Amino acid sequence: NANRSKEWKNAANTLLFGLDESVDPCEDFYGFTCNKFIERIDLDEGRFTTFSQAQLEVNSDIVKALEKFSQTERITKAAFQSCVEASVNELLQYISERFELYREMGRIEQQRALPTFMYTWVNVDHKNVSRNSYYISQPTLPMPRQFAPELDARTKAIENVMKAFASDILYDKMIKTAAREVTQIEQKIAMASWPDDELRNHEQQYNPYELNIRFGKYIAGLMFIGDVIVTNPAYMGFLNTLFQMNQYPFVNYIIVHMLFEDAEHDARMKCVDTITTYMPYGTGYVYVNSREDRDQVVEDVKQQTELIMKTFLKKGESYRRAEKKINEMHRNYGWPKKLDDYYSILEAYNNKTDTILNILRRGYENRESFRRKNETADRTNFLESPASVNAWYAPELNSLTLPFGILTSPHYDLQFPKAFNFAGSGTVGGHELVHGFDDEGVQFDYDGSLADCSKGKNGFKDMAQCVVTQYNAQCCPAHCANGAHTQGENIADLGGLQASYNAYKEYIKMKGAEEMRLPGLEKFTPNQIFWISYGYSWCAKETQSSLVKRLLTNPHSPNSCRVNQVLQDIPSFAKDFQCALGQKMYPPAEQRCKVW
Amino acid sequence: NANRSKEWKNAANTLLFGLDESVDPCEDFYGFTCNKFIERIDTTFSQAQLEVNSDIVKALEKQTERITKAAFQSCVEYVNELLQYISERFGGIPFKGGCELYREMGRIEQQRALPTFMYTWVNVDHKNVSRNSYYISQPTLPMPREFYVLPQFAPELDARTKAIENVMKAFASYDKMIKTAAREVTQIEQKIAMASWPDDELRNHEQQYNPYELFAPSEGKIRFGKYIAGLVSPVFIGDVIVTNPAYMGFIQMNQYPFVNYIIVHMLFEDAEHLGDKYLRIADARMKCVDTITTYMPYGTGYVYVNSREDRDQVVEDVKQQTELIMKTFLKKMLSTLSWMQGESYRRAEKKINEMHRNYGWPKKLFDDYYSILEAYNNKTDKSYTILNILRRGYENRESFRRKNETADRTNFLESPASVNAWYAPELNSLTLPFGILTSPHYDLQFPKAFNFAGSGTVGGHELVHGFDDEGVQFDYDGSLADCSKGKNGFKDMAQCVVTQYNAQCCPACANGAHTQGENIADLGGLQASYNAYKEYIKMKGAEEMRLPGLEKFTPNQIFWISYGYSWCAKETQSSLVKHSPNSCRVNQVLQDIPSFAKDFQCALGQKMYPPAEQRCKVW
Amino acid sequence: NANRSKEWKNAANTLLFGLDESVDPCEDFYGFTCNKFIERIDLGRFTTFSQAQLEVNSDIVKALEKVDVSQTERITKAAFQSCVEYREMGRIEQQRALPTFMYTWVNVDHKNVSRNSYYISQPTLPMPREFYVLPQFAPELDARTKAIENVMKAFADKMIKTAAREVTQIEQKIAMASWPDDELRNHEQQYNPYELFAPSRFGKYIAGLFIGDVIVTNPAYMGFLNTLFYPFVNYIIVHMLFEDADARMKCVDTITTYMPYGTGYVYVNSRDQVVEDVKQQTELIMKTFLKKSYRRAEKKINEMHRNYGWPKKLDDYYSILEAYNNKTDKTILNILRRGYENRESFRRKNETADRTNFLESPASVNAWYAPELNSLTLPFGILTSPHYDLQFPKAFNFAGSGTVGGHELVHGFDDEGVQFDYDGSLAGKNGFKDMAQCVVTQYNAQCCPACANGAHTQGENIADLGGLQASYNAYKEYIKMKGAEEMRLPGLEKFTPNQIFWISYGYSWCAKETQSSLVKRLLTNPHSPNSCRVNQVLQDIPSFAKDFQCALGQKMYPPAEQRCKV
């Protein structure tokens, strides 16, 4: 049986590309859902996630709509149209304009969005939730890390940047020292900065400081302040021990860094993408007000997500407390409510014109999100563009969003079986939902304050421990994974799925049968198709080297390791593909970590 | 088949108390060689220590002579006010101009040997050695491992409140303070561990080394000078090293949190002298003599050696024995090895070639006083509180009178009665203790399979270090030149070891990436000591002579049996969860010497031996 | 508990060299056994036999060089030096030993063991018999014109072009005329003698080389030759020519196949313990094989003309005279010695039939057996490195000599061996015939590794199965007499004797071959393709599966449908 309807053929056409029925689905899985995709798609001339697939699709559609009474949309359109493309001179001008070192550093950061030595931009505090507050924190640095010489690759590239610079004359060796200078500078920064996993004691990284020694105003260079909060007593001290000669090798670094930024300065994507990064609400406002369709998205999710939450939440005091939390969560779908036009322009009212174009944006994004300080604190915004594809949950606002963007690629479509959408949007949403109850979110509370949402914290750690075991004993093909730094978002999806699956189940228990075998691979119920979908989303192959590269640095695990682990931890699925016990996808033996 | 001797029967008797033939040989090798020793006891090293100790006791049963005597006689036999004045040398917890926290420290170190805000050992420079120097460095935390990051498994909170409830029993009668301050003396602790260097980073000494003199710290920070008086005209100017130039740079409610923590600690491990009450929160001769055994090191040593055996004899044996090992180990060279290279070879080879021995006694220790010169100063007065405190005062004060004289290369790190070698790649040295010239590690008239699995093994087990990714650093003579490129090869190969330990759990694990180093030596040493025993025995071709207690076994197998008998250690389980964990060391490093897998008769494809990627051949 | 007798250490190195521990000893038994010997060696086909055969030929060059003072030897020597650098067809055959249009040789008549009847069989081509004619393979078809024109121009003009396609065509028309080997498996039919007046210049043909009854093995191919019939001469040239496209080997080998006597006498006498050592081994198997109608073959064996070693008609007098028809003086030799070898075997026709003949040089290695007269033949060369040298663990000498003996012996009881009686003549046995289907079927359920078939070779297949399966029992007995020789070989202390025995046996067979020659080999021999051989014949012997106790399910132990026997 099959709802022959075309769109359903379209949904089956997207599910066929990567079906790989040759391999048994009860033996392994990730093969049976992406191996095609790995195969057909030769590596586009790294990692090519179905996400970035989407990214191309949407960002294109953006471009398509752009080209065409209209204010900001016009701003962008101009900005982009300036993309089809020397001007090093301009940069040189910037440096010259600079060359009280701090305030310099300040303004550099400011008008070039380049963060160095203090990666700072504000939000609500935690401990007193209306009062905006600054922050100061260990920077974020190109390599993420001992063993490696990849260090020396960083070296080679550094010297080669400043070399290619040395084209312009407006001393052909000393660079071969300045190099080693900035390198071992990396090394110091890192070797005192904080590695990741330990970035969870929000209890800790909160100590406040207002008005340690060696400081210059330096806030000026960003534009009675509140208490600047400093998230690494360790770090923001370690600068103080690292300070008239200093200027020579210390400024040496900030240049080479800032330079290294934009070396490079149908490809149209490249720059359009960047635009979405920096003028985000702008391009967003494009995307929605260029796709305009609300019904299919102001509801389905706002039907789905509500279903999901309610289910999961409902599957002592805690249960309630947490409930009140979720029930409370501010939940922003598609996109915010500043969108007729004017006011869109009005927040976005800081640009106009006939690397300069890029420089006008860099400093406009560093101020845009940091201009709320002067105004009252809010719980109602985004973190990023409603034109990316992601879903994020800044518990500091207890805000769950879904950028309208994703809801078109295989995470959502309107006219598709409730299966697909309960595995796409439904998943990543329920993923989010829980993602605020693991040991990141759990430390917060329905406002964003802190005592502890949670003792059952025991049972919590009981989950986490065993899961890390399972992982560091279920190693991806290409050499293994990390623990905690992976559970970080694993535990999330591991739960969120079960949520979404229950949701599907109860839903379809609320609407009779409806199970319409899907019209290109007609041989399943929906359920199997639901799995097949969630499987699908993460279908991506990656550069064998970049595999391990992004094995470490990625917070959350390789694709395969996920998709064919998370499943292994579901009795339900175990049924759905009427398999036999004592197989490669059954933890009778290496027991499932029943997360909930 | 075998000979009828009194000595061999003893070596055959010991064999019979470990084993089990019942369990399969290749199915969990650990249990196959140590089942019994597990089954009864409630371990091996601790065993040998008990032995050598009780020996020292019978010895002491009668001037180092008298010093250690008096020492023990004290430690068996024996409130608060005095040390209270010590505590009241600051001011205490409940209810001030800004004190040089260090001056407090330096005092407390030199007076108790109680490292806080710095463990500071002092010796041969790393990279200009003709001299000595200071290694001012982070502490070594009371709570074993920086575990101030990943689970909230800190009840030292409450091992703290109680163990600090002394006061309202000391001099007082107000808990809320006491609690919050207990939580605090933690919360600082965290604020430390999150700034030391977890061992992983503490490989490449090349970046530890940072020579500074109070000039430069004064320029670097806020007190060092004023500190160093805590430690005899000094050499303040002499190259000092702040190994970890990460000092997090730092108020009422924050300053005195220190003095709390510090005092927390002092009293926390001097409750013994306090009234019999609080000692609660923690054998007689064992504990005692051990306290000595790390305090007046050479004393007990001299007692042992020049007391109970003919120096010449065992020393002259072990000389050539070790020499055999070290030799064939050299033979494990470029010619043998893979990740290496010609000149990298020649060098590291030479590093061996110019490398030193030392056995039992120092070169001194046997006109017989001169040792009683080394340990000279240690006043004797039975005319214990003052006693211990004094003796520590010495152990370290001795450590530092060493500072200002000139650097040697025959350093005897530790008291020649601890059953372990050591090899201080700072300088270069290979000292082995008489206290090991003994049972299962060794004996005079036992099968050689043993005297290579015991003294033999440990000899190699350590010697390896001087080629680990730590040994590479220090040259032949002790310096930094990155002796060997080959490295890439080396690290990659190591990653085999890494995964190996990482996928085979003992309890119910023991993540590998952390313990890499010592793990590699597990292999290296044993690999050699075998290859030697092979060589030696081939030179004769007769020793085989199966053992009386059991014909069944081979002149070869028993080698592995003995080695994997050393680590027979019934680690009780609490202790297991609180080097690597033994059962691992045996099983794993047994895998990787396929030579074994064969020579133990058992089919391959078995969970003691892996296929084609047979062995992380890193030696 | 092993042994350390140095003689065993030498034999140990050989077996261990090819043996691989990486793979398990049950799954792909053949694989585990000699995966090494595959992966060690350089680069036609090359295999353990070719290995030994080499070794011994090296040795014979050696001794050849050493003593250079019987004239026979002297001949072979000078030869070796020199090498380091109707009527129509008959006449050529005579002068060349290169066959066409009819292969011809002589031996005891099959009717009676007295007169030496003339066998005229269809001939064997350089390429395989039934490889040409199938809606199939397109091989080399020009290589003929290729090699012709090569030496052609050197002789020096395009007649070549036609002449080729023509001669090839004559071939193609000759091949499908032949008989496949699928049914050269029945002597009831080939034997149908004619006289010297029945041919209707065959009289003349032979007169190229008789009044006796003449025998035509193939009357369908012989009758087709009459319908066939000038340019044919080209063809023969081709072949004659086509004969002729470290040389140490190829030289001494040519010698082997052509001075098939001197070589043996110059190697075996450059010895009383060896013959006596194998004398018992040969008498051990035979009887054990026996112990299992019955009376006839019982006799046959008890009357089979055993012959160890090498001929007994090998002072010098005989060796001189037997080959005295030589005279070779100072590579026209190639001709000279081709015309002496084929004439030496054709001259026997006049003489009465014997029971002692020696069918080939005692130089190379395969225990050939003539059901024709009745004779094993284990030429001295074989009993050597890794089949059997004088002092190895009885494990081997059984797995070596004992084997190839037994594999030979049993021939008297296969597809053919049945239809001969110890005389050398003819006449519930159906029961056995059943087994045939069984093996060839079960066997055919297995394949080769590159095709994937083997319904012709049940001859040698069963010859193996039996010969070994018996031999092993024989060794078992032998040691049941004593119970100590179990001293396990040094440098390998994880197999028991019986294990070894197998391990050896396997190793006897290994080989690493180019795929092309593999597929050709498949359809050009009476052999399984070795891997199929080892694996399969061991799929059958129970005692093997036992000693390895490879439990059920593992793909070498399906006793459920058991293993047919003989």
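Residues numbered from 1 in each chain as written, not as in the entry; some residues may be left out. Chains lettered and ligands numbered in written order. Part of a larger assembly, values for the part shown. Heavy atoms only, no water.

- Deposited coordinates in this entry are attributed by the record to cryo-EM, at a stated resolution of 4.5 Å.

**Observations regarding the overall build of chain B**
In step 1: Within chain B, the regular secondary structure consists of 27 helices and four strands.
In step 2: In summary, chain B has a C-alpha radius of gyration of 26 Å against a globular reference of 25 Å for 619 residues, a match within 12%.
In step 3: Structurally, chain B occupies a C-alpha span of about 80 × 60 × 55 Å along its principal axes.
In step 4: A total of 619 residues make up chain B; the buried ones form 49% of that total.
In step 5: Total accessible area on chain B stands at roughly 32,300 Å², and carbon and sulfur atoms take up 55% of it.
In step 6: Positive and negative side-chain charges of chain B, numbering 70 and 77 respectively, have mean locations separated by a distance of 2 Å. (Helix = DSSP H or I, 4+ residues; strand = E, 2+ residues; numbered from the N terminus. Rg over C-alpha atoms; globule rule 2.2 N^0.38 Å. Buried < 20%, exposed > 50% of the residue type's maximum accessible area, 1.4 Å probe, protein only. Areas by Shrake-Rupley, 256 points an atom, 1.4 Å probe, with all protein chains shown as cover. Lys, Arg positive; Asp, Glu negative; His and termini not counted. Charge placed at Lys NZ, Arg CZ, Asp CG, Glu CD.)

**Notes on the side chain of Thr68 of chain B**
Residue and element names in this part refer to chain B.
In step 1: Note on placement: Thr68 falls in helix α4 (residues 64-76).
In step 2: Classification of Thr68 as buried rests on a relative accessible area of 10%.
In step 3: The residues contacting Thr68, other than those within four sequence positions of it, are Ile292, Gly299, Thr300 and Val303. (Contact = heavy atoms within 4.5 Å.)

**Comments concerning the pattern of salt bridges**
In step 1: Here the structure, examined in full by the defined rule, presents 48 salt bridges over all chains.
In step 2: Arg47 of chain A is paired through a salt bridge with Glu542 of chain A; the nearest N and O atoms lie 3.0 Å apart.
In step 3: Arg248 of chain C is paired through a salt bridge with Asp246 of chain C; the nearest N and O atoms lie 2.7 Å apart. (Salt bridge = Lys/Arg side-chain N within 4 Å of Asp/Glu carboxyl O.)

**As for a negative patch on the surface**
In step 1: A cluster of acidic residues, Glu309, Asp310, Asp312, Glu316 and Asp317 of chain B, forms a negative patch at the surface.
In step 2: Relative to the elements of secondary structure, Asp310 of chain B occurs in the loop between α15 (297-308) and α16 (311-331). (Patch = residues over 30% accessible without salt bridge, like charges linked within 9 Å, V, L, I, M, F, W, Y side chains within 5 Å.)

**Quick look at the sheet that holds strand β1 (residues 103-106) of chain C**
Residue and element names in this part refer to chain C.
In step 1: Judged by pairing direction, the sheet is mixed, and its three strands sit side by side in the order β1-β2-β3 without closing on themselves. In the strand order of this sheet, the two ends are held by β1 and β3 (214-216), each with one partner. With strand direction ignored, the average angle separating the axes of adjacent strands in the sheet is 25°.
In step 2: As paired strands, strand β2 (residues 118-121) and β3 are joined by three bridges and run parallel to one another. For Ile120, the partnering residue across the bridge sits in β3 and is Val216. (Pairing = 2+ DSSP bridges. Axes fitted to C-alpha atoms, helices over the stretch in contact; angles between N-to-C directions.)

**Concerning the interface of chain A and chain B**
In step 1: Counting residues at the interface gives 21 residues for chain A, matched by 19 residues for chain B.
In step 2: Between chain A and chain B, a total of about 1,900 Å² is buried, with carbon and sulfur atoms accounting for 48% of that surface.
In step 3: It is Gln146, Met191 and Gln204 of chain A in chain A that bury the most area against chain B; as a group they hold 22% of the surface buried on that side.
In step 4: Across the contact surface, chain A and chain B share four residue pairs in polar contact.
In step 5: Counting residues per element, the ones that place at least two in the side of chain A that touches chain B are α8 (175-192), α9 (233-238) and α19 (457-472) of chain A. (Buried area = accessible area lost by both parts, 1.4 Å probe. Polar contact = N/O pair within 3.5 Å; in protein donor to acceptor, adjacent residues only side chain to side chain.)

**What about a positive patch on the surface?**
In step 1: Side chains of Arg320, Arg321, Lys324 and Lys455 of chain A sit close together on the surface and give a patch of like positive charge.
In step 2: Here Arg321 of chain A lies in helix α14 (residues 317-328).

**Some thoughts on the sheet that holds strand β4 (residues 393-394) of chain A**
All names here are of chain A.
In step 1: In space, the three strands of this open sheet follow the order β3-β5-β4, with mixed pairing throughout. In this open sheet, the two strands that pair with only one neighbour each are β3 (330-334) and β4.
In step 2: Here five bridges tie β3 to strand β5 (residues 399-403), and the two strands are oriented parallel to one another. Within β5, the residue paired with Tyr333 across the bridge is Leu402.
In step 3: Against the sheet, helix α13 (residues 295-314) touches β3 and β5, its axis set at about 145° to β3.

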